[PDB]
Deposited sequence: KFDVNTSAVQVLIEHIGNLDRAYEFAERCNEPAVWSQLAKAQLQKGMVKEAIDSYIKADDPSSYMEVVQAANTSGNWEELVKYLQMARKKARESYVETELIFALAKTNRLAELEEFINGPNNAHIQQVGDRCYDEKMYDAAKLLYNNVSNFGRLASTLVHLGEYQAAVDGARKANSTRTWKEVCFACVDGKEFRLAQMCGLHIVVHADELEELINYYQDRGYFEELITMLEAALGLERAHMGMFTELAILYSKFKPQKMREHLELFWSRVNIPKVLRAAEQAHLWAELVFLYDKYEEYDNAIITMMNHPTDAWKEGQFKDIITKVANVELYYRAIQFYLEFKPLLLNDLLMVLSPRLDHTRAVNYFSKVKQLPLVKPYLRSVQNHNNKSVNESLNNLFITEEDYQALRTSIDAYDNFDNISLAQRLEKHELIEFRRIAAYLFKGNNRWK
């Protein structure tokens, strides 16, 4: 020990070289041997002085092997910042099965001034398959600083529907956000945002596919939803469906809201309602303001009605 301590340090083996490399100050191997000597905490000092990447990898990895984590962490925050290195560092903490610590480190890295995309993208991914509850609040803050396509394929695989919509939304892949809110309603579906995304949708067919969904599982919301679909909705096609599905009394609010298009199936459909609900004043106005309908059919149908207000209308229709 002191044998070479006062000899090499007098004038111009892991424990001997430890001193040798120490005076020449080749921290590259000073740190390397310190590890190879189980003197971890100090080896992280040599790696600091050595200020080398390939060097922190030797120390960090071994520091891991020795299951020294608070060390392997601060000794790992010097590597994550290096995109070209981020992967091997993760793939290493993975096979050693230390997924818990790997995600505890990245937790801090995020703070680092040199924190990049590859980090946020990788934390999300991990979070999905190891801490789903966090997966949300994470995208909530760093959805902009992450490779979206990869994070999606990662929630798709992790059935995190609520989040999937979030991103599909941000990534402006609206058709997908809707399709998703529609197959996994409990999770994803939210009344308000459905009425905001649906619009952006590209493939209009989804409207008719949504109408059906809302109609079969959410009746009270079908009208307010129809109101937003109006501009691009093929009303004749819409009314036909509701009619075949004998649901026209439910979409009344919508029918009135559209009738002003003097659409036929609309008037005919709308008029049948005023009739079954003995609303003759409303019927009068309808056959007065909008004329696209078969008056003789109506006329004939009404001339047989038991209510005088209607029989009078029939007469008016025939004239």
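Colleague: As a test: can you identify every run of the deposited sequence that has no C-alpha position in this structure, in order?
Modeller: No C-alpha coordinates exist for 1-108, 121-136, 444-449.
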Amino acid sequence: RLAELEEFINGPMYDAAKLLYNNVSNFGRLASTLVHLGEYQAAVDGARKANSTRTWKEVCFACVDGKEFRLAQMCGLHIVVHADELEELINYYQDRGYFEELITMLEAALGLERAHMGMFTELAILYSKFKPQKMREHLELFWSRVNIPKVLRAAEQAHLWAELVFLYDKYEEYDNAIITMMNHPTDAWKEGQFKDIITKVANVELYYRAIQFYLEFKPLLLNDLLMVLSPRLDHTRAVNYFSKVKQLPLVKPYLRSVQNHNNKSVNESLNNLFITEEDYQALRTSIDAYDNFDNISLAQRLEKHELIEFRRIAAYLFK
From here on, numbers count along this sequence of modelled residues.
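Colleague: So, looking at the entry's B-factor column for Cα atoms, which has the higher mean, 103-111 or 208-216?
Modeller: The stretch with the larger mean CA B-factor is 103-111.
Colleague: Take the C-alpha B-factors listed in the entry for 16-24 and for 296-304, compute each mean, and give the stretch with the larger one.
Modeller: According to the entry, 16-24 carries the higher average C-alpha B-factor.
Colleague: So among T199, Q247, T186, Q94, who wins on Cα B-factor in the entry?
Modeller: Spelled out: the listed residue with the top C-alpha B-factor is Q94.
Colleague: Per the PDB entry, which option out of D288, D279, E268, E39 has the greatest Cα B factor?
Modeller: Of the options given, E39 has the highest CA B-factor in the PDB entry.
Colleague: What third of its chain, lowest, middle or highest, does the C-alpha temperature factor of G76 fall into?
Modeller: As the PDB entry reports it, the C-alpha B-factor of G76 lands in the highest third of its chain.
Colleague: Within this chain's modelled residues, let me know which third the CA B factor of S128 belongs to: lowest, middle or highest.
Modeller: Its C-alpha B-factor, which the entry lists for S128, ranks in the middle third among residues of this chain.
Colleague: Should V64 be placed in the lowest, middle or highest third of its chain by the C-alpha B factor in the entry?
Modeller: Top third by C-alpha B-factor.
Colleague: Check where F166 lands among this chain's C-alpha B-factors and tell me if it's the lowest, middle or highest third.
Modeller: As the PDB entry reports it, the C-alpha B-factor of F166 lands in the middle third of its chain.
Colleague: Within this chain's modelled residues, let me know which third the CA B factor of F242 belongs to: lowest, middle or highest.
Modeller: Its C-alpha B-factor belongs to the lowest third of this chain's values.
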